[PDB]
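Asks: Sending over a structure as structure tokens; questions will come in a sec.
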Amino acid sequence: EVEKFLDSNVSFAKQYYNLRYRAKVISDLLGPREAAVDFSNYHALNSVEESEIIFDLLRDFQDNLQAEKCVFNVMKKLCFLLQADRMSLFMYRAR
Amino acid sequence: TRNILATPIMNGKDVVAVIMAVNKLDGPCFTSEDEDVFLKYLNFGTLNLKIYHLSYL
Amino acid sequence: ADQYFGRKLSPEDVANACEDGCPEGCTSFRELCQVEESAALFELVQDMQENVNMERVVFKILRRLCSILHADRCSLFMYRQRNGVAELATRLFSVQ
Amino acid sequence: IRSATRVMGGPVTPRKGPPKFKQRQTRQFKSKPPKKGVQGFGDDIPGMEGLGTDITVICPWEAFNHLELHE
Amino acid sequence: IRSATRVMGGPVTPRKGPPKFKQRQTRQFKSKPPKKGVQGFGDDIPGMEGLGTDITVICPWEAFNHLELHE
């Protein structure tokens with residue numbers, strides 16, 4: 001048991017892992033859930049594992065894009081990332 | 001060919017394409033836990049194929 | 001060197017400062033396999049910016065989906081109708 | 001090489017049989033059957049769905065469907 | 001009803017002036033100038049965005065594109 005510690009090299013390791021566990025992680029990240037990031041402290045601007053906002057944004061590209069809820073949802077996070085107070089959207093027409 | 005796993009791609013009530021995943025390498029056949037990875041990962045290619053079909057019309 | 005499956009999965013805990021940990025803030029294998037996938041997904045979204053490329057992006061999706069499932073081949077069939085009857089042509093064959 | 005399908009002459013096909021051709025389009029209508037459950041891109045165009053008139057004129061009672069049968 | 005813009009009853013504008021009305025179009029020329037810029041969705045329609053019918057008639061020598069100088 002403990003003799004199977006040739007794993008001091010990371011070659012066979014992480015290879016067995018992506019062979020036998022990647023599926024569950026990629027199937028739960030893309031499923032219905034909520035992001036896990038604090039949104040009060042304005043902290044560190046961000047970190048690297050902290051960029052699950054990408055997954056949170058991809059989760060809504062599923063069906064029946066209403067084109068109004070999605071823009072609102074991306075703006076409600078771009079407001080936090082930029083550290084701004086207000087945001088707005090103007091549309092273009094010709095008469 | 002020995003094992004097969006396939007699904008369609010739908011725009012409303014119409015079909016646009018079909019995708020196949022022939023020939024699994026280790027198990028005797030595809031397990032039941034892959035059938036959800038398949039659907040949850042093709043959700044992004046569905047959008048691109050729907051955009052292509054709409055642009056063509 | 002051989003694979004003993006057993007049931008021991010505990011060596012997937014928090015890892016100390018080690019090699020091949022280039023990203024800043026990764027403390028587990030799960031974090032690495034999450035960040036890699038997130039980056040791969042942001043790429044191929046950077047490619048639909050203009051002039052939607054039906055052939056190219058689906059090819060890069062299939063190259064990943066063939067690796068995830070441990071399958072050996074993948075394909076793509078298109079649908080069309082001639083004089084009232086339907087049929088399925090071929091557009092991508094033997095992607096590995 | 002050989003394009004990965006191993007055919008160079010022209011489109012090949014498994015089946016064989018007698019050809020079948022389409023009939024011409026004789027009569028047209030403004031109406032379609034009522035909508036199904038699920039919808040996709042391009043299925044909301046005015047005038048291309050329904051019977052060409054609002055549902056109120058065909059079913060006047062549906063106008064004030066908010067109030068119940070008490071009155 | 002806050003309405004998020006503090007305005008109700010009709011749109012408001014910063015400045016007002018005399019009305020200006022569009023003019024008709026008569027000539028309706030076929031051709032278009034050569035195309036520049038990024039493509040974007042909704043282009044490459046065959047019939048439109050082109051001059052005449054084909055490139056060959058416009059530039060008869062262009063057929064010998066792959067050939068070198070000496071010939």
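Identifiers in the structure tokens: chain A, B, ... in order shown; residue index from 1 per chain; ligand index from 1 in order shown.
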Could the residues of chain A within 10 Å of chain D, counting only C-alpha atoms, be given as a list in words, please?
Replies: residues 63, 64 and 65 of chain A
Asks: When all Cα positions are paired in order and chain D is fitted onto chain E, what RMSD is left, to one decimal?
Replies: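 Pairing the C-alpha atoms in order and fitting gives 1.0 Å.
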Asks: Would you give me, as a list in words, the residues of chain B that come within 9 Å of chain C, using only C-alpha atoms?
Replies: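 So the residues of chain B near chain C are residues 15, 16, 17, 18, 19, 20, 21, 22, 23, 24, 25, 26, 30, 34, 37, 38, 41, 42, 44, 45, 48, 49, 51 and 52 of chain B.
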Asks: Produce a file of the selected residues containing N, CA, C and O atoms, as a JSON list (two decimals), in the first residue's frame.
Replies:
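As a result, result.json now contains:
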[["chain", "number", "residue", "atom", "x", "y", "z"],
["B", 15, "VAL", "N", -34.39, 19.20, -37.13],
["B", 15, "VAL", "CA", -33.06, 18.63, -36.93],
["B", 15, "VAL", "C", -32.07, 19.41, -37.78],
["B", 15, "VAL", "O", -32.40, 19.92, -38.85],
["B", 16, "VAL", "N", -30.83, 19.53, -37.29],
["B", 16, "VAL", "CA", -29.81, 20.26, -38.03],
["B", 16, "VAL", "C", -28.58, 19.40, -38.27],
["B", 16, "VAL", "O", -27.87, 19.59, -39.27],
["B", 17, "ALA", "N", -28.33, 18.42, -37.40],
["B", 17, "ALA", "CA", -27.13, 17.60, -37.54],
["B", 17, "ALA", "C", -27.23, 16.39, -36.62],
["B", 17, "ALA", "O", -28.15, 16.27, -35.82],
["B", 18, "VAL", "N", -26.25, 15.50, -36.75],
["B", 18, "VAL", "CA", -26.14, 14.29, -35.94],
["B", 18, "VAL", "C", -24.66, 14.05, -35.64],
["B", 18, "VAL", "O", -23.81, 14.22, -36.52],
["B", 19, "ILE", "N", -24.36, 13.64, -34.41],
["B", 19, "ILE", "CA", -22.99, 13.47, -33.95],
["B", 19, "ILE", "C", -22.81, 12.05, -33.41],
["B", 19, "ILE", "O", -23.72, 11.51, -32.78],
["B", 20, "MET", "N", -21.65, 11.45, -33.67],
["B", 20, "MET", "CA", -21.39, 10.07, -33.28],
["B", 20, "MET", "C", -20.08, 9.96, -32.51],
["B", 20, "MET", "O", -19.17, 10.76, -32.68],
["B", 21, "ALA", "N", -19.99, 8.92, -31.67],
["B", 21, "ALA", "CA", -18.87, 8.74, -30.75],
["B", 21, "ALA", "C", -18.39, 7.29, -30.77],
["B", 21, "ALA", "O", -18.17, 6.67, -29.72],
["B", 22, "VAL", "N", -18.20, 6.75, -31.97],
["B", 22, "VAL", "CA", -17.88, 5.34, -32.17],
["B", 22, "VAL", "C", -16.71, 4.88, -31.30],
["B", 22, "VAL", "O", -15.79, 5.65, -30.98],
["B", 23, "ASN", "N", -16.72, 3.58, -30.94],
["B", 23, "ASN", "CA", -15.53, 2.82, -30.56],
["B", 23, "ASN", "C", -14.78, 3.21, -29.29],
["B", 23, "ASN", "O", -13.70, 3.81, -29.35],
["B", 24, "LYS", "N", -15.32, 2.83, -28.13],
["B", 24, "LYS", "CA", -14.74, 3.12, -26.81],
["B", 24, "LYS", "C", -13.64, 2.12, -26.50],
["B", 24, "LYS", "O", -13.73, 0.94, -26.84],
["B", 25, "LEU", "N", -12.59, 2.60, -25.80],
["B", 25, "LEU", "CA", -11.29, 1.94, -25.78],
["B", 25, "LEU", "C", -11.01, 1.06, -24.56],
["B", 25, "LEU", "O", -10.13, 0.20, -24.65],
["B", 26, "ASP", "N", -11.69, 1.26, -23.44],
["B", 26, "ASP", "CA", -11.27, 0.52, -22.26],
["B", 26, "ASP", "C", -12.36, -0.40, -21.71],
["B", 26, "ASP", "O", -12.13, -1.60, -21.54],
["B", 30, "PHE", "N", -19.92, 2.02, -23.41],
["B", 30, "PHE", "CA", -20.05, 3.32, -22.76],
["B", 30, "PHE", "C", -20.89, 3.19, -21.50],
["B", 30, "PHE", "O", -21.98, 2.62, -21.52],
["B", 34, "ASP", "N", -21.48, 8.83, -18.84],
["B", 34, "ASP", "CA", -21.04, 9.66, -19.95],
["B", 34, "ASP", "C", -22.19, 10.31, -20.69],
["B", 34, "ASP", "O", -21.99, 11.35, -21.34],
["B", 37, "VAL", "N", -22.46, 13.94, -19.53],
["B", 37, "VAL", "CA", -21.35, 14.75, -20.02],
["B", 37, "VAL", "C", -21.57, 15.11, -21.48],
["B", 37, "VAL", "O", -21.34, 16.25, -21.90],
["B", 38, "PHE", "N", -22.03, 14.14, -22.27],
["B", 38, "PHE", "CA", -22.28, 14.39, -23.69],
["B", 38, "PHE", "C", -23.25, 15.54, -23.89],
["B", 38, "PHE", "O", -22.95, 16.52, -24.59],
["B", 41, "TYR", "N", -22.04, 19.00, -22.50],
["B", 41, "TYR", "CA", -20.92, 19.60, -23.22],
["B", 41, "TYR", "C", -21.27, 19.97, -24.65],
["B", 41, "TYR", "O", -20.59, 20.83, -25.22],
["B", 42, "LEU", "N", -22.30, 19.37, -25.24],
["B", 42, "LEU", "CA", -22.72, 19.79, -26.57],
["B", 42, "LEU", "C", -23.61, 21.03, -26.55],
["B", 42, "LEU", "O", -24.00, 21.51, -27.62],
["B", 44, "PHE", "N", -22.76, 23.97, -25.99],
["B", 44, "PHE", "CA", -22.12, 25.12, -26.61],
["B", 44, "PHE", "C", -22.06, 24.99, -28.12],
["B", 44, "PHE", "O", -22.23, 25.98, -28.84],
["B", 45, "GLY", "N", -21.82, 23.78, -28.64],
["B", 45, "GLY", "CA", -21.86, 23.58, -30.08],
["B", 45, "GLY", "C", -23.25, 23.71, -30.65],
["B", 45, "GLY", "O", -23.39, 24.06, -31.83],
["B", 48, "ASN", "N", -23.66, 27.34, -31.72],
["B", 48, "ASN", "CA", -22.96, 27.69, -32.96],
["B", 48, "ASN", "C", -23.68, 27.12, -34.18],
["B", 48, "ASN", "O", -23.81, 27.81, -35.20],
["B", 49, "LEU", "N", -24.16, 25.88, -34.09],
["B", 49, "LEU", "CA", -24.86, 25.32, -35.24],
["B", 49, "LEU", "C", -26.19, 26.03, -35.48],
["B", 49, "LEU", "O", -26.58, 26.23, -36.64],
["B", 51, "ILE", "N", -26.74, 29.21, -34.84],
["B", 51, "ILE", "CA", -26.37, 30.48, -35.46],
["B", 51, "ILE", "C", -26.09, 30.29, -36.94],
["B", 51, "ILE", "O", -26.50, 31.09, -37.78],
["B", 52, "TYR", "N", -25.36, 29.22, -37.29],
["B", 52, "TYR", "CA", -25.07, 28.95, -38.69],
["B", 52, "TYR", "C", -26.35, 28.74, -39.49],
["B", 52, "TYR", "O", -26.53, 29.31, -40.57]]
Asks: Select residues of chain C: the criterion is any atom within 9 Å of an atom of chain E, counting only C-alpha atoms; output as a ChimeraX atom specification.
Replies: /C:49-52
Asks: Restricting the output to N, CA and C atoms, write the selected residues as a PDB file, in the first residue's frame.
Replies:
ATOM      1  N   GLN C  49     -15.973  35.938 -32.739  1.00  0.00           N
ATOM      2  CA  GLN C  49     -16.138  37.387 -32.712  1.00  0.00           C
ATOM      3  C   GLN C  49     -16.675  37.915 -34.035  1.00  0.00           C
ATOM      4  N   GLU C  50     -16.162  37.409 -35.151  1.00  0.00           N
ATOM      5  CA  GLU C  50     -16.614  37.845 -36.462  1.00  0.00           C
ATOM      6  C   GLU C  50     -16.542  36.677 -37.431  1.00  0.00           C
ATOM      7  N   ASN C  51     -17.464  36.668 -38.397  1.00  0.00           N
ATOM      8  CA  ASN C  51     -17.448  35.705 -39.496  1.00  0.00           C
ATOM      9  C   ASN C  51     -17.470  34.271 -38.959  1.00  0.00           C
ATOM     10  N   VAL C  52     -18.614  33.923 -38.364  1.00  0.00           N
ATOM     11  CA  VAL C  52     -18.820  32.641 -37.693  1.00  0.00           C
ATOM     12  C   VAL C  52     -18.251  31.497 -38.522  1.00  0.00           C
TER      13      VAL C  52
END
Asks: What residues in chain B get the DSSP label alpha helix (DSSP H)? Please answer as a PyMOL selection string.
Replies: chain B and resi 34-41+43-56
Asks: Show which residues sit within 7 Å of region 27-37 of chain A, as a compact mmCIF listing (two decimals) with N, CA, C and O atoms, in the first residue's frame. Count only C-alpha atoms, and ignore same-chain residues fewer than 6 positions away.
Replies:
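Once written, out_17.txt looks like this:
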# COMPACT_ATOMS: atom_id res chain seq x y z
N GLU A 52 -14.25 31.69 -11.87
CA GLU A 52 -15.38 30.87 -12.25
C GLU A 52 -16.55 31.72 -12.72
O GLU A 52 -17.63 31.19 -13.00
N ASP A 56 -19.98 30.84 -14.75
CA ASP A 56 -21.27 31.42 -14.40
C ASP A 56 -21.91 32.10 -15.60
O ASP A 56 -23.14 32.06 -15.76
N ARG A 59 -23.10 29.43 -18.20
CA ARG A 59 -24.25 28.63 -17.77
C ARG A 59 -25.56 29.13 -18.38
O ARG A 59 -26.51 28.36 -18.49
N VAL B 37 -22.46 13.94 -19.53
CA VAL B 37 -21.35 14.75 -20.02
C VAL B 37 -21.57 15.11 -21.48
O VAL B 37 -21.34 16.25 -21.90
N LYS B 40 -24.39 17.83 -21.67
CA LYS B 40 -24.02 19.09 -21.05
C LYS B 40 -22.83 19.75 -21.73
O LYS B 40 -22.62 20.95 -21.55
Asks: What is the CA of residue 51 (chain D)-CA of residue 33 (chain D) distance in Å, reported with one decimal?
Replies: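 If I compute the distance from CA of residue 51 (chain D) to CA of residue 33 (chain D), I get 8.8 Å.
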Asks: Dump as JSON lines the rows for residues of chain C within 7 Å of chain A: closest atom pair and distance in Å with one decimal, only C-alpha atoms counted, ordered by chain and rising residue number.
Replies:
{"residue": "C:23", "atom": "CA", "partner": "A:48", "partner_atom": "CA", "distance": 7.0}
{"residue": "C:24", "atom": "CA", "partner": "A:48", "partner_atom": "CA", "distance": 6.1}
{"residue": "C:25", "atom": "CA", "partner": "A:48", "partner_atom": "CA", "distance": 6.0}
{"residue": "C:26", "atom": "CA", "partner": "A:49", "partner_atom": "CA", "distance": 6.4}
{"residue": "C:31", "atom": "CA", "partner": "A:49", "partner_atom": "CA", "distance": 6.2}
{"residue": "C:35", "atom": "CA", "partner": "A:49", "partner_atom": "CA", "distance": 6.2}
{"residue": "C:38", "atom": "CA", "partner": "A:54", "partner_atom": "CA", "distance": 6.8}
Asks: Any idea what the distance is between CA of residue 30 (chain C) and CA of residue 14 (chain C)?
Replies: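 These atoms are spaced 10.0 Å apart.
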Asks: Do you have the CA of residue 76 (chain A)-CA of residue 45 (chain A) distance handy?
Replies: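 Result for CA of residue 76 (chain A) versus CA of residue 45 (chain A): 16.0 Å, one decimal.
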Asks: Within 12 Å of region 14-21 of chain D, counting only C-alpha atoms, which residues qualify if same-chain residues fewer than 4 places away don't, as a list in words?
Replies: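 Non-adjacent residues within range: residues 82, 83, 84, 85 and 87 of chain C.
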Asks: Find the residues in chain B near chain D: any atom within 8 Å counts, using only C-alpha atoms. Write them as an MDAnalysis selection string.
Replies: chainID B and resid 11:13 50 54
Asks: Could you pull out the strand (DSSP E or B) residues of chain C, going by DSSP on the backbone, and write them as a list in words?
Replies: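 Reading the DSSP output for chain C, strand (DSSP E or B) covers residues 71, 74, 75, 76, 77, 78, 79, 80, 81, 82, 85, 86, 87, 88, 92, 93, 94 and 95 of chain C.
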Asks: Hey, which of A:11, A:62, A:88, A:46 ends up closest to chain B? Count only C-alpha atoms.
Replies: A:62
